[PDB]
Amino acid sequence: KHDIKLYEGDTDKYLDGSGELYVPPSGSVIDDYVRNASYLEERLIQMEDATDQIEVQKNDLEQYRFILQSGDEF
Amino acid sequence: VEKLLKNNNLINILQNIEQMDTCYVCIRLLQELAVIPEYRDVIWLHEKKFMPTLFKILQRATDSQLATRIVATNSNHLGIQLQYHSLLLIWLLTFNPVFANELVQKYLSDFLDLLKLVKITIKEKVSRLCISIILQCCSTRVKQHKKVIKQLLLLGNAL
């Protein structure tokens, strides 16, 4: 969705700058993290489908707006 | 037991939690007595004094990260017992069907916090008891269980 290409870089360690930051020094509560992602994801997939649907209707109608106008005059 | 409860000095010692020693002993004296069914009824009369403090130890544990070690209450043996004792004192009163309905309606904010404890801990002592105390209040036996169930699910995100 984001138009972002795959990120791997493969780090669990806290020593490094990126290590410290993308991986907490706090513990791991497996439930908490799962939840954080599930809810946002539900909104997002619903959102994308809508975007696509709305975009196709707007596009059809914009195209044929002018069509019917021209046709009224002929 | 009723008489000792009414007094100033024993409850004052119990109220303080910033000395581990004081609280630890006091919650245990109360709770040990609660095992025997008859006291549960008198202990509940003086509830409103000790009970916010019992809730304060439990909340205090949720906010301070387990990723560290402090010596006051973390994942070390002293803390583990403090949480346990508080929850055990609670669980005992809640076994009576009326008391449990009454607990939810008064202590609602403080009560919802139990869900949180289960999550942050790995300790099978702290967690079993949190879930259990909720289970008792959600029971068919308890008066107005339909109401309590709505309240828990909706606000507290129980489901």
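Residues numbered from 1 in each chain as written, not as in the entry; some residues may be left out. Chains lettered and ligands numbered in written order. Part of a larger assembly, values for the part shown. Heavy atoms only, no water.

Looking at the entry header, you'll see cryo-EM listed as the method and 7.6 Å as the resolution.

J.: Honestly, the overall build of chain B in this entry has me stumped. Any pointers?
T.: Each helix and strand counted, chain B has 10 helices and zero strands in total. Scaling as 2.2 N^0.38, a compact globule of 159 residues should have a C-alpha radius of gyration of about 15 Å, and chain B matches this with 15 Å. Along the longest, intermediate and shortest principal axes, the C-alpha atoms of chain B span 40 × 40 × 20 Å. Looking at chain B as a whole, 47% of its 159 residues qualify as buried. The contacts in chain B between residues at least 6 apart in sequence include a share of 69% that link residues at least 24 apart. For chain B, the centre of its 20 positive side-chain charges and the centre of its 12 negative side-chain charges are spaced 6 Å apart. (Helix = DSSP H or I, 4+ residues; strand = E, 2+ residues; numbered from the N terminus. Rg over C-alpha atoms; globule rule 2.2 N^0.38 Å. Buried < 20%, exposed > 50% of the residue type's maximum accessible area, 1.4 Å probe, protein only. Contact = heavy atoms within 4.5 Å. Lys, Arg positive; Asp, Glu negative; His and termini not counted. Charge placed at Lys NZ, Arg CZ, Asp CG, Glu CD.)

J.: Sorry, what's going on with the environment of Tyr84(B) here?
T.: Mapped onto the elements, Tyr84(B) comes out in helix α6 (residues 77-94). The spacing of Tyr84(B) and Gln136(B) is 52 residues in sequence and 17 Å in space, taken between C-alpha atoms.

J.: When you look at the packing of helix α5 (residues 47-63) of chain B against helix α7 (residues 97-111) of chain B in this model, what are you seeing that I'm missing?
T.: Helix packing for two helices is described by the angle between their axes and how far apart those axes are. Residue and element names in this part refer to chain B. The contact between α5 and α7 brings their axes to 11 Å, and the two run at 30 degrees. Comparing the axis directions of α5 and α7 gives the class roughly parallel. For the element pair α5 and α7, the recorded crossing hand is right-handed. Side by side, α5 and α7 meet where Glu-47, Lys-48, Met-51, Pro-52, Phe-55 and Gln-59 of the first sit next to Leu-103, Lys-106, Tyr-107, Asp-110 and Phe-111 of the second. Looking at the contact of α5 with α7 residue by residue, the classes come out as six nonpolar, one polar and four charged. (Axes fitted to C-alpha atoms, helices over the stretch in contact; angles between N-to-C directions. Parallel < 35°, antiparallel > 145°, perpendicular 65-115°, else oblique. Left-handed = near helix turned anticlockwise from the far one by under 90°. Nonpolar A, V, L, I, M, F, W, Y, C, P; charged D, E, K, R; others polar.)

J.: Honestly, α7(B) in this entry has me stumped. Any pointers?
T.: What sets the pattern is the α-helix's 3.6 residues per turn: residues three or four places apart point alike. Residue and element names in this part refer to chain B. The terminal C-alpha atoms of α7 lie 17 Å apart, and with 15 residues this falls more than 12% below the ideal 21 Å at 1.5 Å per residue. Where α7 bends most, the angle comes to about 60 degrees, and this point is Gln-105. For α7, the full list of buried residues reads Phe-99, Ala-100, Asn-101, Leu-103, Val-104, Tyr-107 and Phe-111. Those residues of α7 that are buried lie in contact with α4 (39-45), α5, α6, α8 (114-120), α9 (124-138) and α10 (145-156). (Expected span 1.5 Å × (residues − 1). Bend = angle between axes of the 7 residues up to and from the residue.)

J.: Mind showing me how you'd approach the pattern of salt bridges here?
T.: Side-chain pairs of opposite charge can arise where the charged atoms are in close proximity. All names here are of chain A. This model, assessed by the stated rule, comprises five salt bridges over all chains. The salt bridge partner of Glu-41 is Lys-1, with a shortest N-O separation of 3.6 Å. Note that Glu-41 is positioned in helix α2 (residues 30-73) and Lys-1 in the segment before α1 (17-21), a separation of 40 residues in sequence. Among the residues examined, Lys-1 registers a relative accessible area of 53% and is labelled exposed. Between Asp-32 and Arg-35 there is a salt bridge, and its shortest N-O distance comes to 3.0 Å. Here the residue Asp-32 and the residue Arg-35 both occupy positions in helix α2, the gap between them amounting to three residues, near one helical turn. (Salt bridge = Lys/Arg side-chain N within 4 Å of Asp/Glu carboxyl O.)

J.: Which parts of the structure should I look at to understand the packing of aromatic side chains?
T.: Each aromatic ring pair is characterised by the separation of its centres together with the angle its planes make. All names here are of chain B. With the rule as written, the count across this model stands at three aromatic pairs over all chains. Judged by centre distance (4.3 Å) and plane angle (15 degrees), the ring pair of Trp-44 and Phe-99 falls under stacked. With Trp-44 in helix α4 and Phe-99 in helix α7, the pair connects residues that are 55 residues apart, well separated along the chain. Residue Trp-44 is classed as buried on the basis of its relative accessible area, which comes to 5%. Judged by centre distance (5.0 Å) and plane angle (55 degrees), the rings of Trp-91 and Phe-95 are tilted. (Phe/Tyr/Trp six-rings, centres within 6.5 Å; stacked < 30°, edge-to-face > 60°.)

J.: Sorry if this is basic, but what is going on with the packing of α5(B) against α6(B) here?
T.: All names here are of chain B. The contact between α5 and α6 brings their axes to 9 Å, and the two run at 135 degrees. Between α5 and α6, the angle is such that the two are oblique. With respect to the hand of their crossing, α5 and α6 are arranged in left-handed fashion. Where α5 approaches α6, its residues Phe-50, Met-51, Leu-54, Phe-55, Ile-57, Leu-58 and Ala-61 are matched on the opposing element by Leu-82, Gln-83, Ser-86, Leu-87, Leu-89, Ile-90 and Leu-93. Tallied by class, the residues present in the contact of α5 with α6 amount to 12 nonpolar, two polar and no charged.

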